[PDB]
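Pasting my_file.csv here (CSV, C-alpha atoms):
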```csv
chain,number,residue,atom,x,y,z
A,216,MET,CA,-18.1,-59.0,-7.6
A,217,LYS,CA,-20.3,-57.9,-4.6
A,218,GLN,CA,-17.4,-55.5,-3.6
A,219,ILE,CA,-16.9,-53.9,-6.9
A,220,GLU,CA,-20.7,-53.2,-7.1
A,221,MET,CA,-20.5,-51.6,-3.7
A,222,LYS,CA,-17.5,-49.5,-4.5
A,223,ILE,CA,-19.3,-48.3,-7.7
A,224,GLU,CA,-22.1,-47.0,-5.5
A,225,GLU,CA,-19.7,-45.4,-3.1
A,226,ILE,CA,-18.0,-43.6,-5.9
A,227,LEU,CA,-21.3,-42.4,-7.3
A,228,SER,CA,-22.1,-40.9,-3.9
A,229,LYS,CA,-18.8,-39.1,-3.8
A,230,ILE,CA,-19.5,-37.8,-7.3
A,231,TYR,CA,-22.9,-36.5,-6.2
A,232,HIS,CA,-21.3,-34.6,-3.3
A,233,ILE,CA,-18.5,-33.2,-5.4
A,234,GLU,CA,-21.1,-31.9,-7.9
A,235,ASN,CA,-22.9,-30.2,-5.1
A,236,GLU,CA,-19.8,-28.6,-3.8
A,237,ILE,CA,-18.9,-27.4,-7.3
A,238,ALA,CA,-22.3,-25.6,-7.6
A,239,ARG,CA,-21.8,-23.9,-4.2
A,240,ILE,CA,-18.3,-22.9,-5.1
A,241,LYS,CA,-19.4,-21.3,-8.4
A,242,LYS,CA,-22.0,-19.3,-6.5
A,243,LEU,CA,-19.4,-18.0,-4.1
A,244,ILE,CA,-16.9,-17.3,-6.8
A,245,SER,CA,-19.4,-15.1,-8.6
A,246,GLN,CA,-19.6,-12.9,-5.5
A,247,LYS,CA,-15.8,-12.3,-5.6
A,248,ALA,CA,-14.1,-9.4,-7.2
A,249,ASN,CA,-12.1,-10.0,-10.4
A,250,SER,CA,-8.6,-8.6,-10.0
A,251,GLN,CA,-9.1,-7.1,-13.5
A,252,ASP,CA,-12.0,-5.0,-12.2
A,253,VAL,CA,-10.1,-3.5,-9.2
A,254,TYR,CA,-6.9,-1.7,-8.6
A,255,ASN,CA,-4.5,-3.1,-6.1
A,256,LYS,CA,-3.1,-1.3,-3.0
A,257,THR,CA,-0.1,-0.4,-5.2
A,258,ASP,CA,-2.3,1.2,-7.9
A,259,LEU,CA,-3.9,3.5,-5.4
A,260,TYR,CA,-3.4,6.1,-2.7
A,261,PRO,CA,-5.3,5.7,0.6
A,262,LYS,CA,-7.8,8.2,2.1
A,263,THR,CA,-5.0,9.5,4.4
A,264,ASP,CA,-2.8,10.6,1.4
A,265,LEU,CA,-5.6,12.5,-0.6
A,266,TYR,CA,-7.8,15.5,-0.6
A,267,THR,CA,-11.4,15.0,-1.5
A,268,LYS,CA,-13.3,17.5,-3.7
A,269,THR,CA,-14.3,19.6,-0.7
A,270,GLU,CA,-10.8,19.7,0.7
A,271,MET,CA,-9.6,20.9,-2.8
A,272,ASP,CA,-12.5,23.4,-3.0
A,273,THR,CA,-11.3,24.7,0.4
A,274,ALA,CA,-7.7,24.9,-0.5
A,275,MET,CA,-8.6,26.7,-3.7
A,276,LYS,CA,-10.9,29.1,-1.9
A,277,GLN,CA,-8.1,29.9,0.5
A,278,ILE,CA,-6.4,31.4,-2.5
A,279,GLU,CA,-9.5,33.1,-3.8
A,280,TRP,CA,-10.1,34.6,-0.4
A,281,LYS,CA,-6.7,36.3,-0.4
A,282,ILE,CA,-7.3,37.5,-3.9
A,283,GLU,CA,-10.5,39.1,-2.7
A,284,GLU,CA,-8.7,40.6,0.3
A,285,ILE,CA,-6.2,42.2,-2.1
A,286,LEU,CA,-8.9,43.4,-4.5
A,287,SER,CA,-10.6,45.3,-1.6
A,288,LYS,CA,-7.4,47.2,-0.8
A,289,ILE,CA,-6.4,48.0,-4.4
A,290,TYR,CA,-9.4,49.9,-5.3
A,291,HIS,CA,-9.4,51.7,-2.0
A,292,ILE,CA,-5.7,52.6,-2.6
A,293,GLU,CA,-6.3,53.8,-6.2
A,294,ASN,CA,-9.2,55.9,-4.9
A,295,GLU,CA,-6.9,57.3,-2.1
A,296,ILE,CA,-4.4,58.5,-4.8
B,215,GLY,CA,-23.4,-58.8,-14.6
B,216,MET,CA,-20.0,-57.8,-15.8
B,217,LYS,CA,-21.4,-55.8,-18.7
B,218,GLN,CA,-23.6,-54.0,-16.2
B,219,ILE,CA,-20.8,-53.0,-13.9
B,220,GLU,CA,-18.9,-51.8,-16.9
B,221,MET,CA,-21.9,-49.6,-17.8
B,222,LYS,CA,-22.0,-47.9,-14.4
B,223,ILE,CA,-18.2,-47.4,-14.8
B,224,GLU,CA,-18.7,-45.5,-18.0
B,225,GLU,CA,-21.4,-43.3,-16.5
B,226,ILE,CA,-19.0,-42.5,-13.6
B,227,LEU,CA,-16.2,-41.7,-16.0
B,228,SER,CA,-18.2,-39.2,-17.8
B,229,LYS,CA,-19.1,-37.4,-14.6
B,230,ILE,CA,-15.5,-37.5,-13.6
B,231,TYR,CA,-14.3,-36.1,-16.9
B,232,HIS,CA,-16.6,-33.2,-16.5
B,233,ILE,CA,-15.7,-32.6,-12.8
B,234,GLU,CA,-12.1,-32.4,-13.8
B,235,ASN,CA,-12.8,-29.8,-16.4
B,236,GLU,CA,-14.9,-27.7,-14.0
B,237,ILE,CA,-12.1,-27.9,-11.4
B,238,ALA,CA,-9.6,-26.6,-13.9
B,239,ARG,CA,-11.9,-23.7,-14.9
B,240,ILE,CA,-12.7,-22.8,-11.3
B,241,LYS,CA,-8.9,-22.7,-10.5
B,242,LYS,CA,-8.4,-20.4,-13.5
B,243,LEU,CA,-11.2,-18.1,-12.3
B,244,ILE,CA,-10.0,-18.2,-8.7
B,245,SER,CA,-6.7,-16.9,-9.9
B,246,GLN,CA,-8.4,-13.9,-11.5
B,247,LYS,CA,-10.0,-12.9,-8.2
B,248,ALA,CA,-8.6,-10.4,-5.9
B,249,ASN,CA,-7.2,-11.3,-2.5
B,250,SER,CA,-8.8,-9.1,0.1
B,251,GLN,CA,-5.2,-8.7,1.5
B,252,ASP,CA,-4.2,-7.0,-1.8
B,253,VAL,CA,-7.0,-4.4,-1.9
B,254,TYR,CA,-8.4,-1.6,0.0
B,255,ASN,CA,-12.0,-1.7,1.1
B,256,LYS,CA,-14.6,0.9,0.3
B,257,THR,CA,-13.8,2.4,3.7
B,258,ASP,CA,-10.1,2.8,2.9
B,259,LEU,CA,-10.8,4.8,-0.2
B,260,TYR,CA,-12.7,7.7,-1.9
B,261,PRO,CA,-14.7,7.2,-5.0
B,262,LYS,CA,-14.4,9.0,-8.3
B,263,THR,CA,-17.3,11.2,-7.2
B,264,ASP,CA,-15.4,12.5,-4.2
B,265,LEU,CA,-12.1,13.4,-6.0
B,266,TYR,CA,-10.6,15.8,-8.6
B,267,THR,CA,-8.1,14.4,-11.1
B,268,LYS,CA,-4.6,15.9,-11.8
B,269,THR,CA,-5.9,17.7,-15.0
B,270,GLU,CA,-8.9,19.1,-13.3
B,271,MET,CA,-6.6,20.5,-10.7
B,272,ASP,CA,-4.0,21.8,-13.2
B,273,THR,CA,-6.9,23.5,-14.9
B,274,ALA,CA,-8.3,25.1,-11.7
B,275,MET,CA,-4.8,26.3,-10.7
B,276,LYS,CA,-3.9,27.9,-14.0
B,277,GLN,CA,-7.2,29.8,-13.8
B,278,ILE,CA,-6.0,31.0,-10.4
B,279,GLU,CA,-2.6,32.0,-11.8
B,280,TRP,CA,-4.5,34.1,-14.4
B,281,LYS,CA,-6.2,36.2,-11.8
B,282,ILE,CA,-3.0,36.5,-9.8
B,283,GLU,CA,-1.4,37.9,-13.0
B,284,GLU,CA,-4.2,40.4,-13.4
B,285,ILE,CA,-3.7,41.6,-9.8
B,286,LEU,CA,0.1,41.9,-10.1
B,287,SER,CA,-0.4,44.3,-13.0
B,288,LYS,CA,-2.6,46.6,-10.9
B,289,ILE,CA,-0.1,46.6,-8.1
B,290,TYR,CA,2.8,47.3,-10.4
B,291,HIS,CA,0.9,50.3,-11.7
B,292,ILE,CA,0.0,51.6,-8.3
B,293,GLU,CA,3.6,51.4,-7.2
B,294,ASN,CA,4.7,53.4,-10.2
B,295,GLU,CA,1.8,55.9,-9.7
B,296,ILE,CA,2.7,56.8,-6.1
B,297,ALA,CA,6.4,56.9,-7.3
B,298,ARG,CA,5.8,60.3,-9.0
C,216,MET,CA,-12.4,-59.0,-13.1
C,217,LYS,CA,-8.8,-57.9,-12.1
C,218,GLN,CA,-9.2,-55.1,-14.8
C,219,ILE,CA,-12.4,-53.8,-13.5
C,220,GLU,CA,-11.0,-53.8,-9.9
C,221,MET,CA,-7.9,-51.9,-11.3
C,222,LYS,CA,-10.1,-49.3,-13.0
C,223,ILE,CA,-12.1,-48.8,-9.8
C,224,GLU,CA,-8.9,-48.0,-8.0
C,225,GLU,CA,-7.9,-45.5,-10.7
C,226,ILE,CA,-11.3,-43.8,-10.3
C,227,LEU,CA,-10.8,-43.7,-6.6
C,228,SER,CA,-7.5,-42.0,-7.1
C,229,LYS,CA,-9.0,-39.4,-9.3
C,230,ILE,CA,-11.7,-38.9,-6.7
C,231,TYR,CA,-9.1,-38.5,-4.0
C,232,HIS,CA,-7.4,-35.8,-5.9
C,233,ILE,CA,-10.6,-33.9,-6.9
C,234,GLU,CA,-11.6,-33.9,-3.2
C,235,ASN,CA,-8.2,-32.3,-2.3
C,236,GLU,CA,-8.7,-29.7,-5.0
C,237,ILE,CA,-12.1,-28.9,-3.8
C,238,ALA,CA,-11.0,-28.3,-0.2
C,239,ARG,CA,-8.1,-26.1,-1.5
C,240,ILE,CA,-10.4,-24.1,-3.7
C,241,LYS,CA,-12.7,-23.4,-0.8
C,242,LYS,CA,-9.7,-22.1,1.2
C,243,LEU,CA,-8.7,-19.8,-1.6
C,244,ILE,CA,-12.2,-18.6,-2.2
C,245,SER,CA,-12.3,-17.5,1.4
C,246,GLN,CA,-9.3,-15.3,0.9
C,247,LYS,CA,-10.9,-13.4,-2.0
C,248,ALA,CA,-12.4,-10.0,-1.8
C,249,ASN,CA,-16.2,-9.7,-2.1
C,250,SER,CA,-17.1,-7.3,-4.9
C,251,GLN,CA,-19.5,-5.7,-2.4
C,252,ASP,CA,-16.6,-4.7,-0.2
C,253,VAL,CA,-14.6,-3.0,-3.0
C,254,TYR,CA,-14.8,-0.3,-5.6
C,255,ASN,CA,-14.2,-1.3,-9.2
C,256,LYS,CA,-11.7,0.4,-11.5
C,257,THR,CA,-14.6,2.4,-12.8
C,258,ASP,CA,-15.5,3.7,-9.3
C,259,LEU,CA,-12.0,5.1,-8.8
C,260,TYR,CA,-9.1,7.0,-10.2
C,261,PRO,CA,-5.6,5.4,-10.2
C,262,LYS,CA,-2.4,6.8,-8.6
C,263,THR,CA,-1.4,8.0,-12.1
C,264,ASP,CA,-4.5,10.3,-12.4
C,265,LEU,CA,-4.3,12.0,-8.9
C,266,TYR,CA,-2.1,14.4,-6.9
C,267,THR,CA,-1.4,13.4,-3.3
C,268,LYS,CA,-1.5,16.0,-0.5
C,269,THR,CA,2.1,16.9,-0.8
C,270,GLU,CA,1.9,17.2,-4.6
C,271,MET,CA,-1.0,19.6,-4.1
C,272,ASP,CA,0.8,21.5,-1.3
C,273,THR,CA,3.7,21.8,-3.7
C,274,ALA,CA,1.6,23.1,-6.6
C,275,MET,CA,-0.1,25.6,-4.4
C,276,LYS,CA,3.1,27.1,-2.9
C,277,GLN,CA,3.9,28.8,-6.3
C,278,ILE,CA,0.5,30.5,-6.2
C,279,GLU,CA,0.9,31.5,-2.6
C,280,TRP,CA,4.2,33.2,-3.6
C,281,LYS,CA,2.6,35.5,-5.9
C,282,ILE,CA,-0.1,36.3,-3.3
C,283,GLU,CA,2.6,37.2,-0.8
C,284,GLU,CA,4.4,39.3,-3.3
C,285,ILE,CA,1.2,41.4,-3.7
C,286,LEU,CA,0.0,41.6,-0.1
C,287,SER,CA,3.5,42.7,1.1
C,288,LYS,CA,3.4,45.6,-1.4
C,289,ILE,CA,-0.1,46.7,-0.5
C,290,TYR,CA,0.7,47.3,3.1
C,291,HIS,CA,3.7,49.4,2.7
C,292,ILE,CA,1.9,51.3,0.0
C,293,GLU,CA,-1.1,52.0,2.3
C,294,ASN,CA,1.5,53.5,4.8
C,295,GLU,CA,3.0,55.5,2.0
C,296,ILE,CA,-0.4,57.2,1.7
```

Mind converting the file's structure to structure tokens?
Amino acid sequence: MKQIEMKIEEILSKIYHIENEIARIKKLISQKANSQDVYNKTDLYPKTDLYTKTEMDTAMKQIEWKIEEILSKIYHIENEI
Amino acid sequence: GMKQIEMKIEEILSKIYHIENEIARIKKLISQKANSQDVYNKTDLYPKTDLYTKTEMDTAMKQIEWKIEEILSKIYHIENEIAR
Amino acid sequence: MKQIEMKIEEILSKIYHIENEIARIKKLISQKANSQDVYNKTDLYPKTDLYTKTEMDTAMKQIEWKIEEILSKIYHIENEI
């Protein structure tokens, strides 16, 4: 009988400690990202494989610059005719 | 005090039942979290704000092809003018 | 009495297993991504909504064609004058 009563208390202690761990785990869990709210590495391209807005604005301007270049000749050439 | 031991046993069981439920829930939730191994960090990626989509690019480009067409038609005409 | 001692042992068994699960959970938790260290799906575009560098370099080369067409004419036409 004295042993059972002692074991009861030991179990209760373990229960208290488990409940404390559970609370801590829940706090940490809530700081983790849900896979639902993120894309995997397979759903995405890295920085290295992509142009940003500016890199695109640059590439596009490269085309517009040559268009301007040509515009400046055309109207000189028509006026030369 | 057998009835009394039995009473503490019941109290324990109830706590145990609940802990078991929590554990099952936590494991479900854990399995919906993303492994840092399977994701790029913020430093390995650009945000929405720093990128153009495909359609925004396809849009910008066809606008560019419209001006090119325009300029082609001035050139054609200048070639034909000279010609005579 | 033998029944109470037998239930105690059943409880201890449950406790053993819960403790094992708790340790495991903590291990898995530590392999998860902090939401602080990632962008969500709303802060990003997927592979499907973006052109890579080569896809862009490809799309641009059709435009550079036409530019080369015109520039090459202009310069022999200026001589022709």

Distance filter 6 Å, all atoms listed in the file, chain C against chain A, as a list in words:
residues 248, 249, 250, 255, 256, 261, 262, 267 and 268 of chain C

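RMSD over all C-alpha atoms, after superposing chain A onto chain C with atoms paired in order, amounts to 2.5 Å.
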
Per residue of chain B within 6 Å of chain A, what are the shortest atom pair and its distance in Å to one decimal, counting only C-alpha atoms, with rows by chain and residue number, as CSV?
```
residue,atom,partner,partner_atom,distance
B:246,CA,A:249,CA,5.5
B:247,CA,A:249,CA,4.2
B:248,CA,A:250,CA,4.5
B:252,CA,A:255,CA,5.8
B:253,CA,A:255,CA,5.1
B:258,CA,A:262,CA,5.9
B:259,CA,A:262,CA,5.1
B:264,CA,A:267,CA,5.4
B:265,CA,A:267,CA,4.8
B:266,CA,A:268,CA,5.8
```

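CA of residue 245 (chain B) to CA of residue 226 (chain B) spans 28.6 Å [interatomic distance, one decimal].
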
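Reported to one decimal place, the separation of CA of residue 277 (chain B) from CA of residue 283 (chain A) is 14.9 Å.
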
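A straight line drawn from CA of residue 251 (chain B) to CA of residue 242 (chain C) is 14.1 Å long.
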
Got a minute to add N, CA, C and O atoms to region 241-267 of chain C and dump it as a PDB file, in the coordinates of the input?
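Done, and the output landed in result.pdb:
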```pdb
ATOM      1  N   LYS C 241     -11.942 -24.080  -1.842  1.00  0.00           N
ATOM      2  CA  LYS C 241     -12.700 -23.400  -0.800  1.00  0.00           C
ATOM      3  C   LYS C 241     -11.896 -22.508   0.130  1.00  0.00           C
ATOM      4  O   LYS C 241     -12.380 -21.466   0.593  1.00  0.00           O
ATOM      5  N   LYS C 242     -10.673 -22.934   0.430  1.00  0.00           N
ATOM      6  CA  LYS C 242      -9.700 -22.100   1.200  1.00  0.00           C
ATOM      7  C   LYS C 242      -9.281 -20.832   0.499  1.00  0.00           C
ATOM      8  O   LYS C 242      -9.224 -19.771   1.112  1.00  0.00           O
ATOM      9  N   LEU C 243      -9.038 -20.921  -0.803  1.00  0.00           N
ATOM     10  CA  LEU C 243      -8.700 -19.800  -1.600  1.00  0.00           C
ATOM     11  C   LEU C 243      -9.819 -18.845  -1.782  1.00  0.00           C
ATOM     12  O   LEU C 243      -9.655 -17.651  -1.693  1.00  0.00           O
ATOM     13  N   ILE C 244     -10.987 -19.415  -2.057  1.00  0.00           N
ATOM     14  CA  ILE C 244     -12.200 -18.600  -2.200  1.00  0.00           C
ATOM     15  C   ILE C 244     -12.399 -17.731  -0.963  1.00  0.00           C
ATOM     16  O   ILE C 244     -12.859 -16.587  -1.073  1.00  0.00           O
ATOM     17  N   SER C 245     -12.077 -18.266   0.206  1.00  0.00           N
ATOM     18  CA  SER C 245     -12.300 -17.500   1.400  1.00  0.00           C
ATOM     19  C   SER C 245     -11.327 -16.414   1.646  1.00  0.00           C
ATOM     20  O   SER C 245     -11.561 -15.529   2.477  1.00  0.00           O
ATOM     21  N   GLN C 246     -10.226 -16.419   0.896  1.00  0.00           N
ATOM     22  CA  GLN C 246      -9.300 -15.300   0.900  1.00  0.00           C
ATOM     23  C   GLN C 246      -9.582 -14.222  -0.127  1.00  0.00           C
ATOM     24  O   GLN C 246      -8.900 -13.225  -0.162  1.00  0.00           O
ATOM     25  N   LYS C 247     -10.566 -14.431  -0.993  1.00  0.00           N
ATOM     26  CA  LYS C 247     -10.900 -13.400  -2.000  1.00  0.00           C
ATOM     27  C   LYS C 247     -11.817 -12.321  -1.478  1.00  0.00           C
ATOM     28  O   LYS C 247     -12.607 -12.530  -0.568  1.00  0.00           O
ATOM     29  N   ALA C 248     -11.703 -11.162  -2.126  1.00  0.00           N
ATOM     30  CA  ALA C 248     -12.400 -10.000  -1.800  1.00  0.00           C
ATOM     31  C   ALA C 248     -13.818 -10.002  -2.445  1.00  0.00           C
ATOM     32  O   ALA C 248     -13.975 -10.257  -3.641  1.00  0.00           O
ATOM     33  N   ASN C 249     -14.819  -9.718  -1.636  1.00  0.00           N
ATOM     34  CA  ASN C 249     -16.200  -9.700  -2.100  1.00  0.00           C
ATOM     35  C   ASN C 249     -16.348  -8.420  -2.923  1.00  0.00           C
ATOM     36  O   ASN C 249     -15.952  -7.345  -2.461  1.00  0.00           O
ATOM     37  N   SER C 250     -16.980  -8.510  -4.092  1.00  0.00           N
ATOM     38  CA  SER C 250     -17.100  -7.300  -4.900  1.00  0.00           C
ATOM     39  C   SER C 250     -17.949  -6.211  -4.179  1.00  0.00           C
ATOM     40  O   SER C 250     -17.746  -5.030  -4.417  1.00  0.00           O
ATOM     41  N   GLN C 251     -18.823  -6.620  -3.260  1.00  0.00           N
ATOM     42  CA  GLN C 251     -19.500  -5.700  -2.400  1.00  0.00           C
ATOM     43  C   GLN C 251     -18.656  -4.861  -1.496  1.00  0.00           C
ATOM     44  O   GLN C 251     -19.047  -3.755  -1.135  1.00  0.00           O
ATOM     45  N   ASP C 252     -17.486  -5.379  -1.113  1.00  0.00           N
ATOM     46  CA  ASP C 252     -16.600  -4.700  -0.200  1.00  0.00           C
ATOM     47  C   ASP C 252     -15.472  -3.903  -0.913  1.00  0.00           C
ATOM     48  O   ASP C 252     -14.500  -3.511  -0.282  1.00  0.00           O
ATOM     49  N   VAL C 253     -15.592  -3.681  -2.217  1.00  0.00           N
ATOM     50  CA  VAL C 253     -14.600  -3.000  -3.000  1.00  0.00           C
ATOM     51  C   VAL C 253     -15.182  -2.099  -4.007  1.00  0.00           C
ATOM     52  O   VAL C 253     -16.282  -2.377  -4.444  1.00  0.00           O
ATOM     53  N   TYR C 254     -14.466  -1.051  -4.426  1.00  0.00           N
ATOM     54  CA  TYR C 254     -14.800  -0.300  -5.600  1.00  0.00           C
ATOM     55  C   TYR C 254     -14.150  -0.913  -6.801  1.00  0.00           C
ATOM     56  O   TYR C 254     -13.015  -1.356  -6.670  1.00  0.00           O
ATOM     57  N   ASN C 255     -14.819  -0.906  -7.945  1.00  0.00           N
ATOM     58  CA  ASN C 255     -14.200  -1.300  -9.200  1.00  0.00           C
ATOM     59  C   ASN C 255     -13.270  -0.224  -9.701  1.00  0.00           C
ATOM     60  O   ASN C 255     -13.231   0.889  -9.162  1.00  0.00           O
ATOM     61  N   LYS C 256     -12.518  -0.552 -10.748  1.00  0.00           N
ATOM     62  CA  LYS C 256     -11.700   0.400 -11.500  1.00  0.00           C
ATOM     63  C   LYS C 256     -12.500   1.608 -12.048  1.00  0.00           C
ATOM     64  O   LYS C 256     -11.975   2.708 -12.242  1.00  0.00           O
ATOM     65  N   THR C 257     -13.774   1.362 -12.339  1.00  0.00           N
ATOM     66  CA  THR C 257     -14.600   2.400 -12.800  1.00  0.00           C
ATOM     67  C   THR C 257     -15.186   3.315 -11.724  1.00  0.00           C
ATOM     68  O   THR C 257     -15.735   4.364 -12.026  1.00  0.00           O
ATOM     69  N   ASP C 258     -15.055   2.921 -10.460  1.00  0.00           N
ATOM     70  CA  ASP C 258     -15.500   3.700  -9.300  1.00  0.00           C
ATOM     71  C   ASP C 258     -14.402   4.547  -8.703  1.00  0.00           C
ATOM     72  O   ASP C 258     -14.569   5.143  -7.637  1.00  0.00           O
ATOM     73  N   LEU C 259     -13.249   4.547  -9.365  1.00  0.00           N
ATOM     74  CA  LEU C 259     -12.000   5.100  -8.800  1.00  0.00           C
ATOM     75  C   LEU C 259     -11.096   5.639  -9.868  1.00  0.00           C
ATOM     76  O   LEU C 259     -11.203   5.292 -11.037  1.00  0.00           O
ATOM     77  N   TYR C 260     -10.211   6.530  -9.417  1.00  0.00           N
ATOM     78  CA  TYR C 260      -9.100   7.000 -10.200  1.00  0.00           C
ATOM     79  C   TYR C 260      -7.783   6.313  -9.667  1.00  0.00           C
ATOM     80  O   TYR C 260      -7.609   6.180  -8.434  1.00  0.00           O
ATOM     81  N   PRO C 261      -6.868   5.957 -10.579  1.00  0.00           N
ATOM     82  CA  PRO C 261      -5.600   5.400 -10.200  1.00  0.00           C
ATOM     83  C   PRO C 261      -4.573   6.448  -9.749  1.00  0.00           C
ATOM     84  O   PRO C 261      -4.733   7.627 -10.075  1.00  0.00           O
ATOM     85  N   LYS C 262      -3.575   6.011  -8.978  1.00  0.00           N
ATOM     86  CA  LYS C 262      -2.400   6.800  -8.600  1.00  0.00           C
ATOM     87  C   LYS C 262      -1.970   7.778  -9.723  1.00  0.00           C
ATOM     88  O   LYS C 262      -1.687   8.945  -9.472  1.00  0.00           O
ATOM     89  N   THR C 263      -1.907   7.263 -10.950  1.00  0.00           N
ATOM     90  CA  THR C 263      -1.400   8.000 -12.100  1.00  0.00           C
ATOM     91  C   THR C 263      -2.278   9.260 -12.429  1.00  0.00           C
ATOM     92  O   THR C 263      -1.758  10.232 -12.968  1.00  0.00           O
ATOM     93  N   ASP C 264      -3.568   9.223 -12.067  1.00  0.00           N
ATOM     94  CA  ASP C 264      -4.500  10.300 -12.400  1.00  0.00           C
ATOM     95  C   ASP C 264      -4.848  11.244 -11.184  1.00  0.00           C
ATOM     96  O   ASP C 264      -5.765  12.051 -11.280  1.00  0.00           O
ATOM     97  N   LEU C 265      -4.049  11.188 -10.117  1.00  0.00           N
ATOM     98  CA  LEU C 265      -4.300  12.000  -8.900  1.00  0.00           C
ATOM     99  C   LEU C 265      -3.004  12.580  -8.299  1.00  0.00           C
ATOM    100  O   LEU C 265      -1.915  11.986  -8.319  1.00  0.00           O
ATOM    101  N   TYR C 266      -3.162  13.770  -7.735  1.00  0.00           N
ATOM    102  CA  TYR C 266      -2.100  14.400  -6.900  1.00  0.00           C
ATOM    103  C   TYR C 266      -2.439  14.041  -5.455  1.00  0.00           C
ATOM    104  O   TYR C 266      -3.586  14.211  -5.006  1.00  0.00           O
ATOM    105  N   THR C 267      -1.397  13.597  -4.755  1.00  0.00           N
ATOM    106  CA  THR C 267      -1.400  13.400  -3.300  1.00  0.00           C
ATOM    107  C   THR C 267      -1.452  14.769  -2.632  1.00  0.00           C
ATOM    108  O   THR C 267      -1.351  15.813  -3.285  1.00  0.00           O
TER     109      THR C 267
END
```
